[PDB]
Every structure is written in structure tokens, then in C-alpha cells.
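Just the one chain here, the form deposited without this ligand, laid out as C-alpha cells.
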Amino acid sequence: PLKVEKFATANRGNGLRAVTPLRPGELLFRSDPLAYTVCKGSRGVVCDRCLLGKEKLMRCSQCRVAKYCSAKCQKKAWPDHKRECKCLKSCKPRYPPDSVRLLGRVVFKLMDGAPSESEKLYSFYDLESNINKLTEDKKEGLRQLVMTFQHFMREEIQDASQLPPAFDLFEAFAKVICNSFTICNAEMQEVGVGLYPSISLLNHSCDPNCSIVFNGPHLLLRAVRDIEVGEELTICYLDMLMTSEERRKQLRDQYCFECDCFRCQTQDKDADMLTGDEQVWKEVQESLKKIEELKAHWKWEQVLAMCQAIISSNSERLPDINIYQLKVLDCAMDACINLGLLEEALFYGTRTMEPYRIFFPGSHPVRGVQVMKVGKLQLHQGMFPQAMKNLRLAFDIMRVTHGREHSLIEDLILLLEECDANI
């Protein structure tokens, strides 16, 4: 019994809107991907199927590229892995761009698979391609991806008959660039990339009324505000820790539109995001490219060493409300968590709390997770008043953003029961 419907918007293509009134935290839609895969940096670190980290993964012996937490996941992934296996084998030791592997899985799913539930409201066929808006160098990039695909698929796909009817590879890559979801794990690390075509109906806002959250590859779409019958549903395509200029560029480059929202009109919060010595935060911005690369490959010790040279720099420092400092602090926290340095993690974690309160207003899944992490760190150092405060806060946010259908909630519920014992 669906609470949402596709409709044609006035000036931003198709969209999704409420059929009934919606309360904050209400579950609107849930979906497995049409197709999905591990990100290049998380390959060999998380299970290809369920996208969880394990220190020891089993590999597919044919290709030795697909790896798995367990026999269960490896056997169940086989149907959707079969045909890419060969392609991946012959490609070695060089690995295709994530978008190519993803499209491969799309083409196999469409050709070999039953009709997907992910396409109930909107199919891959319907996805926006923005073809008449692409720049020539973006076009050039798509043509390279098309030829990369043909090379990668030379064995499994020789001609048009093995693609769907009237399938155009250029058009399909155009779809993939602006309809690919970055799948994040429970701790909000980017772990994979997928297509969820029904979810791709939702248009963008820098102040959205809905939210999406991932439980492995399974995506949950929830309302994070009150929403009236006939009102457009929106999610934020972007990281909240971006300036309007940074949002402008990515929404142009990747999604081919100009955002007309209040926040973009007023440069909302931009000034506060860029406080401190300009010179210092440009070096830190520079350095974050390297830091974020190390983090995507889970190289925690190096992430932390780089972060500590900024946070505890002998030279001039930034305020924690500065978004580049903030990012550096979050990376540091997470590095310390995974290296088992729980004291240092907590120092950093606590310092992110006020800026997150400001930058993730209402109910945002990323703040809820950050608060849980800080609450969790406190709990396991004996700070039971403070910990209980944050865990209840995390629950207040995540009951809206995650909901009882997400298993991280059950983990928090147990943490709440536990911390409740002391009092």
C-alpha cells in the first residue's frame, strides 16, 4: 500500500510526492539494488555481497577478485557474479572503474534476471541521462567508459543481441553517472556503489524532507519532516559539509542542474564553514585529498598520522566549526576507533559534536551515527551519565533516520538497555 507516487514536476523532470500525510521517521520505501558492487578501495576489505568488514575474507577461486565474509555470501552472490567472473579474471592485474563493473551487473540483471523490485516505480529504462546537457569533455569521458566496457565485456558480450533491446551504452553510462548511489556502511564509511531506480525519482534539496540510509546494500527511505499530501519528497544528494560553491560545482558536474533552493540563494552557513586563517584551511583542504584517499583504502595508521599533524600542528590551527578541520577531526576519530585508541578517539569525537549539531539540523543519519559513536566511546570508559545522554540523543535522531527496520537500531537499543542498568 504505497504512500508515494511518481508525478511530472514543473521544471526538474519526474519526481516523487506524498499520497498521504507523512510523519517524521515514517518508512516510505525499501529496496535492494538493481545492481551493486564494492568500491575500488574497499575491495578485499569488505564482503562483496553483504558489504561488511572482516579481517579474513574468502576469495572466489576462479577470478580471485570477488571476496567474501563466508560461504553463505559467496554461494548466494554466485548468480549475479557468474558472468562478471570471467571478465574480472582476464582483466587482472588491472581493475575496471567501479561504474563499468556496476553497468556490467546491470546488463546481466536486465538480460538474465527476473524483473527487479527496485524498479517498481521507475526502471533503469526511465532514468534521467541529461544527454542534452553534457559538456564535450564529459562526453569524451563517457566514450572512454563505453570503450572500457566493451573491452571488459569482450568475452561475455560480443554484440547487440546480448544487450537489452535498443540498449545504448553511451546513454547507459550517462544514466549511471547521475543515478549511482554511494552505499555506506553502519559507521558511515563509503563501501560500495549501486543503482536503486525507484529511489532515483527523488529530486535534490540542500534542506530535504526525506532521508536514505543503507543497511548493507539494502536502502531505507524515510521522512525526516512533516509532509503534506501532494508535497514533493526530496533528499540531499550531497555531503552536508560543503559550501554552496562546492555544492554548485558538483550539482553541475554530476547532475546537470542549478540549485534554486533557499540555502544556495543565501550562501547559508558558508561564512561559518570557512572561519579561521584562509591560508591554513586551503593547505588542510589540499591535505584532505590524500587523507580521504587513505581512508577509502582503510589505511588507518597513515590517516591518523596525517590528521595529528593538523590537529596538533605546531603551526597555526583552525576552529572545529571549519568544515575542513571538522572532516580532519572525523577521520581522526574513526582512525583511532579502528586502531583501538579509544581515549584519543573520544577527544576528537567530542569536539565534532557542536559543529555537527549546527551542520546536520533536524534528523540526519550522519549526525545520529556520530553521536552513537561518541556515546559508545564514553560508555566503554565509565562515563555513564554523559554516555546515556548521547545514546538517548542518537536514538532520538536514528529512530527517525534509521527506524526499527535497520539493525543498527537494535544494537543501540541493547546499548541503551545496558547503560540503563547503571542508573
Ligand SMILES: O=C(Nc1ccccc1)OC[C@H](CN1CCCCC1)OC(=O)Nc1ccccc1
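We number the residues from 1 along the sequence you see.
Although not depicted, the form solved in complex with this ligand is the subject of the following passage.
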{"query": "Binding-site state, shown form vs this ligand in the entry with it bound, superposed, 3 or more atoms under 2.4 Å of backbone or C-beta", "finding": "open"}
{"query": "Listed residue (397, 46, 372, 65) with a non-hydrogen atom within 4.5 angstroms of this ligand in the entry with it bound", "finding": "372"}
{"query": "186, 91, 341, 163 - the one with a heavy atom within 4.5 Å of this ligand in the entry with it bound", "finding": "186"}
{"query": "Interface stretch in the entry with it bound with this ligand - options 333-341, 275-283, 309-317, 154-162, non-hydrogen atom within 4.5 Å", "finding": "333-341"}
{"query": "Exercise: residue 409 in contact with this ligand in the entry with it bound, heavy atom 4.5 Å", "finding": "no"}
{"query": "4.5 Å heavy atom contact, residue 38 and this ligand in the entry with it bound", "finding": "no"}
{"query": "Interface membership of residue 377, this ligand in the entry with it bound, 4.5 Å heavy atom rule", "finding": "yes"}
